[PDB]
Amino acid sequence: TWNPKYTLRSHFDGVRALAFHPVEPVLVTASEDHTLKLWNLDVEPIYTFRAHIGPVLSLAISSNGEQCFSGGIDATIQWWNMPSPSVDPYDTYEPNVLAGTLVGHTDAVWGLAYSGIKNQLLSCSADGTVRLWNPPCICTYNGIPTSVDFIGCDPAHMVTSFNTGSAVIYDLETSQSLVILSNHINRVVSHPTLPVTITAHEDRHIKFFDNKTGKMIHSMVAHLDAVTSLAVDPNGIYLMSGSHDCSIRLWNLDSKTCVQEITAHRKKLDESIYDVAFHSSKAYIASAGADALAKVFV
Amino acid sequence: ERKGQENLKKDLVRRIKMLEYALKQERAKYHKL
Amino acid sequence: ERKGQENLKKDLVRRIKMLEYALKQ
Amino acid sequence: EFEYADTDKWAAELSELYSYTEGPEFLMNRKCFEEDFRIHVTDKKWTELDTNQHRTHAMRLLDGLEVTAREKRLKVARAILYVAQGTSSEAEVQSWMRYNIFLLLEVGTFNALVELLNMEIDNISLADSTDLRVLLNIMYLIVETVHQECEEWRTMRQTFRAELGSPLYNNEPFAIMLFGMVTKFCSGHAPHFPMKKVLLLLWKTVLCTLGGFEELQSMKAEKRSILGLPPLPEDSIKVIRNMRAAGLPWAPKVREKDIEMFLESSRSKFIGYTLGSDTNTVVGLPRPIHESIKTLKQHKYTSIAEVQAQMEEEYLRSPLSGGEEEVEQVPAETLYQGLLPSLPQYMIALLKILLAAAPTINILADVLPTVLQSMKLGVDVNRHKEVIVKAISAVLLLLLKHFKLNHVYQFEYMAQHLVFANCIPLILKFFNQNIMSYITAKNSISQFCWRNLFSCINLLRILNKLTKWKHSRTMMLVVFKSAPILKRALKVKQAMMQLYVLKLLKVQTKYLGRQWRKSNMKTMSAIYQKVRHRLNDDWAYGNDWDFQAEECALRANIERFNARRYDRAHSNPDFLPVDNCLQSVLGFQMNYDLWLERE
Amino acid sequence: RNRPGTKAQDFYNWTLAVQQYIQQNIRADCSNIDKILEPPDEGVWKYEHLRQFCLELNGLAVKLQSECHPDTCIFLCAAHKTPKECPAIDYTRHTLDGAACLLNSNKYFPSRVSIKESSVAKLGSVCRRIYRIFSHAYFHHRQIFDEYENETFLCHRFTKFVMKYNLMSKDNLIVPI
Ligand SMILES: O=P(O)(O)O[C@H]1[C@@H](OP(=O)(O)O)[C@@H](OP(=O)(O)O)[C@@H](OP(=O)(O)O)[C@@H](OP(=O)(O)O)[C@H]1OP(=O)(O)O
Ligand SMILES: [Zn+2]
Ligand SMILES: [Zn+2]
């Protein structure tokens, strides 16, 4: 059902993060080159961002589809107004693009998430302090926050992973973590329904919990490597499980077997494919791997 | 039959979109309280 | 083509079933 | 005396690029390059240097070639041009040229030159356009030398000749850029382009990226073998090389149409009823008719054109029952994919330039800057026009042959828009002067002027490619009263020119009336000897048309082919898929309340 | 590997190993010019090294764009289809994007294990482009250039590199080593 159509080969070192535009046929790819590139659909990039220093780790798109937030090694966050599609890649540089700059925790930003309330966003770092931001009001949490994300059904509840092996849920207006649920935990995601929340363990066991009692409802072994990234369908049917086995799998939220398996990526080091991203309007799937090779299947 | 099922698909799309609007409104209502 | 339409319809009805179960709670 | 090859000898070619007006340029070139040489390294010469010194200097040249000032860029390009010439002994300068050129290739001069050429594209007298001229010179030289050895560096010429024809420039081959230059000139909205050099470069690049007549014959033989058709009866090139002025060298051929016509005549005469387009039912006819049928069908000649048209109508019959085919991207095919959008304008422009360059849109702008100077300028302008005609004729002929070999309908699509622009009367008018003088025109300062004679042979070959097996166009050949022109051109003692004149006279001798046959016999004797004989042909005793209708039918055939093979987007709108994937899923209070309250 | 949650230094606390070899040599110290420039092949090594060079140069690009004001801020760019004089900052950006295009162009570099010698000529072009950036840096913005060179001796590295492989004239070099 999903065949390879594009290989966005213009990044040198590993592409850590990637995310699809909501409506446009445009894909944003952040790498360790300290630079990220926007592409519009053997294809060439449409824009490159010359504002971030140090390798980029995490990226999020403004749900309206006009701004992008990034945070990586530089321990800072950048906020650009992405130029619309059909712009010239070889055009006059516009300094206004980097409209926003966020200075927060002194450590590298490992996790970035946008909020559907269009005024806040979650930034977790290696500092151990998750920060909620408003594009200048920041609410911090001093609980190894590997992954921290924004539950969609209620923007009040948010999740937080940990290198321990558990993940804690908390609120927005309370800052009081509700319950933990159960070793490195690479990537956590939240279903577009309130209860279901998916986590990926270092022990290669994709696990599932609920935002009300954190029950270990399901723990299926996924691949032969620590599952690095997870991506959720914009309508909650399938699930991309990117693993260090250079083997991405489309699981089904009902049938938790190998509903589909694609394997195209190189083991450049002990680390393999970083991130996986669905679309939301055009049904494309993109995978950003360790060798800086964004594959796109339609 | 192909054309008929295509129109059925359009119908289901309308239904899903109006479902989206309804659920967004209910979420906003519950969030207000 | 008809089989593909059938599978898409099955997908959509699974979607609606799940959405209505979620609405039940 | 005259040896028809795909191109004159290399020395004549190189001499036939510079006008007798742009002589002093040579001085400048050295006086440019040397000076920069002097500053880069000292007390040495380019010839006494060694390899890595040469490569370093070449990289320095390419570096300097990107200054933003037109004047310094012109200086650097003149230096590169002198390098490409390299200059004592003619063999010495030839070897040094080959060496320097392969060096400039190795460092990668060509792509820099193409970029600078685009730059000059996106913007009377000779000096009106020097830079472009200079630039063009280099490119030509390069291709020339690279192809002059196209018959070590084997990998070099192979990869070059492969990339030159690959769509690497605006996703179009180099020839497309040159065609664009030609069009932009004929449109009068680029009145400074040097046209002799653009045309020469287009000719040489078409040549090297598509292959001359020998590679043409070889590709024809291979495509014959692949399609299962029996091999060709003769070696046409050799047969014509072994003719004389004015034997029976041609093995007779008979196209299927003749077999069917004869068989239906015999059926009407012996069986009392014609059958219709069937060539296997021979049972009731007498044995002396079976003998004739066997003799015919054993001399049959089915060319690639027939089988290709058959496959085309087949595809059009059963589109999606596996009929969808893949087409090889041989350089001719990519060139046609490039030309197809705006072909007719290209053809019209080429013919306009031709007609402006016939012996009797200011084309002479390139060459124009004492009675001796007036005479030299006159012979120079004549030479300019001669070279333009040679280049245009060769381009057209190569394109025609290569398209017909690639797929017949491409040849037809080119020929249709070539004749719509009145190419037949154009060529005939070109032949309505004292041809002998044109051929013996010694219009060069350091017999048969190989340039003019080559061009005339090419024009005849084209005119033949245009009007053959097309009755309306043959009647056109008759209407313009071509015969007294052709059999007057028949005076040239060359053999191939005679052959290609007779190829026309024979095709139109049926419609010329018995009296004409009775009057001209020496020409009929020549037609007997030289031209191939078709069985059951009636040229020697012929007895005896809807032009626009036959055209508008062939046009429909052509456009169907083109739309099928190069409009796969719109092709077959009846049967289209629907994206069953979930891209569609995302592709007033009561409407909530009641719908929820449904249960 | 380097799992997440690893702040800065754990990154060093840990096919195509030529890039991993280059990376190990770089992390060893950003000072040892020759030691990194000591080959382990020669062609594919030039390829990977030019890749790494433009990668590191992105840093100079952002450092300059930070203060590449038109107050004091040459040649013409070529990333544009028709070469236009996109000025210093635009030139730098377009050249970096075009170098990415080339070095990642499929028709010229399908693989990273065997580059045809019909492609190593492009490396001369791209390093010629690099030295324009370097000249603008050394001339208009000497101080930040020196800061970045203290961070990593890029210009020295590349001068020794080119003199090792002879892509550009020594007369082209104007920066002291
Ligand atoms: O049909 P093709 O396989 O394409 O061969 C034809 C053609 O053959 P037909 O007679 O069947 O039309 C002629 O060859 P002959 O008449 O000599 O037998 C023709 O010659 P003219 O154009 O002079 O009439 C020419 O052969 P050539 O180009 O060598 O003259 C040409 O072959 P191409 O189409 O491949 O050029
Ligand atoms: Zn500057
Ligand atoms: Zn530029």
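Data overview
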read-out	value
Residue satisfying all of: in the range E:147-177; assigned to a helix (DSSP H, G or I) and of a type in the set (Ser, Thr, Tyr); nearest to E:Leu60 (Cα to Cα) among these	E:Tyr148
When residues of the range D:119-136 are limited to those that are farther than 16 Å from D:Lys72 by Cα and within 14 Å of chain E (Cβ to nearest Cβ), the one farthest from the chain's Cα centre (by Cα)	D:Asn123
Helices (runs of 4 or more DSSP H) completely within the range D:21-102 that count 2 or more residues being over 27 Å from E:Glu85 (Cα atoms) and aliphatic (A, V, I, L, M)	D:25-40, D:70-85
Scan of the range A:211-222 for residues that are away from every other protein chain (no Cβ under 14 Å) and either crowded, with 17+ Cβ neighbours inside 10 Å or under 16 Å from A:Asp233 (Cα atoms) (or both), ordered by number	A:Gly214, A:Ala222
Helices (runs of 4 or more DSSP H) contained in the range D:157-274 and holding at least 1 residues closer than 30 Å to D:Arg534 by Cα and within 16 Å of ligand 1 (Cβ to nearest atom)	D:213-226, D:236-241, D:256-270
Test: residue in the range D:348-357 that is small (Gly, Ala, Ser), over 23 Å from D:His189 (Cα atoms) and under 16 Å from the mean Cα position of the chain (by Cα)	no
Close pairs (7 angstrom Cβ cut-off, 6 or more residues apart or separate chains): within 24 Å of D:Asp63 (Cα to Cα) and of a type in the set (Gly, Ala, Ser) in the range E:135-156, within 11 Å of ligand 2 (Cβ to nearest atom) and assigned to a helix (DSSP H, G or I) anywhere	E:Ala137/E:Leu60; E:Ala137/E:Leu64; E:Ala137/E:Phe145
Pick from the range A:26-59, criterion farther than 20 Å from A:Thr101 by Cβ, within 13 Å of chain E (Cβ to nearest Cβ) and among the β-branched types (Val, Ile, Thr), ranking: surrounded by the most Cβ atoms within 10 Å (Cβ to Cβ)	A:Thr29
Test result for A:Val56, under 18 Å from the mean Cα position of the chain (by Cα), farther than 16 Å from E:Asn58 by Cα and among the β-branched types (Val, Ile, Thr)	no
Test: residue in the range E:24-44 that is touching a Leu at 6+ places or on another chain (Cβ under 7 Å), within 20 Å of E:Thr152 (Cβ to Cβ), of a type outside the set (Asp, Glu) and part of a helix (DSSP H, G or I)	no
Hits in the range E:23-54 (condition: within 14 Å of chain A (Cβ to nearest Cβ) and either under 20 Å from A:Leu269 (Cα atoms) or within 16 Å of ligand 3 (Cβ to nearest atom) (or both))	E:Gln23, E:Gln24, E:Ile26, E:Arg27, E:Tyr47, E:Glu48, E:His49, E:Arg51, E:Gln52, E:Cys54
Filter result (within 11 Å of chain E (Cβ to nearest Cβ) and of a type in the set (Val, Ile, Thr)) within the range A:84-96	A:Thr92
Selected residue (criterion: farthest from ligand 3 (Cβ to nearest atom)) from residues of the range E:109-125 that are within 20 Å of D:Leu62 (Cα to Cα) and within 20 Å of the chain's Cα centre (by Cα)	E:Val120
Members of the range D:204-247 found to be polar (S, T, N, Q), over 24 Å from the mean Cα position of the chain (by Cα) and either within 16 Å of ligand 3 (Cβ to nearest atom) or more than 21 Å from D:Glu328 (Cβ to Cβ) (or both), listed by number	D:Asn242
Verdict on E:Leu57 being within 16 Å of ligand 3 (Cβ to nearest atom) and buried (at least 17 other Cβ atoms within 10 Å of the Cβ)	yes
Selection status of E:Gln65, away from ligand 3 (no atom under 16 Å from the Cβ) and assigned to a helix (DSSP H, G or I)	no
Filtered residue count, the range A:167-187, keeping only those that are surrounded by fewer than 23 Cβ atoms within 10 Å (Cβ to Cβ) and either within 14 Å of chain E (Cβ to nearest Cβ) or part of a strand (DSSP E or B) (or both)	8
Looking only at the range D:238-258, and only at residues there that are surrounded by 12 or more Cβ atoms within 10 Å (Cβ to Cβ) and more than 24 Å from D:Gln298 (Cα to Cα), the one that is farthest from ligand 2 (Cβ to nearest atom)	D:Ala246
Some residue of the range D:483-493 being among the small types (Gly, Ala, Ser) and more than 18 Å from D:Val531 (Cα to Cα)	no
Selection count where residues are more than 14 Å from ligand 3 (Cβ to nearest atom) and surrounded by 21 or more Cβ atoms within 10 Å (Cβ to Cβ), scope the range E:135-146	3
Residue list for the range E:88-104, restricted to those being crowded, with 17+ Cβ neighbours inside 10 Å and within 9 Å of another protein chain (Cβ to nearest Cβ)	E:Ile89, E:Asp90, E:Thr92, E:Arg93, E:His94, E:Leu96, E:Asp97, E:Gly98, E:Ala100, E:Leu103, E:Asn104
Matching entry among E:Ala99, E:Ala79 (being within 12 Å of ligand 3 (Cβ to nearest atom), of a type outside the set (S, T, N, Q) and assigned to a loop (DSSP other than H, G, I, E, B))	E:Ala79
A:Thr106 vs. criteria facing chain E (nearest Cβ under 10 Å) and surrounded by fewer than 22 Cβ atoms within 10 Å (Cβ to Cβ)	yes
Any chance A:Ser62 is farther than 24 Å from A:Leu250 by Cα, more than 12 Å from chain E (Cβ to nearest Cβ) and of a type in the set (S, T, N, Q)	yes
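Results for (1) in contact with a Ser or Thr (Cβ under 9 Å, 6 or more places away or on another chain); (2) more than 21 Å from A:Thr7 (Cα to Cα); (3) part of a strand (DSSP E or B); (4) away from chain D (no Cβ under 14 Å), shown as yes or no for each residue.
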| position | (1), (2), (3), (4) |
| --- | --- |
| A:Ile206 | yes, yes, yes, yes |
| A:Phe209 | yes, yes, yes, yes |
| A:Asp225 | yes, yes, no, yes |
| A:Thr228 | yes, no, yes, yes |
| A:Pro234 | yes, yes, no, no |
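Heads up, the Cβs are rebuilt from the backbone with ideal geometry, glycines too, and the neighbour counts pull from every protein chain shown. Coordinate-derived values only; no laboratory data.
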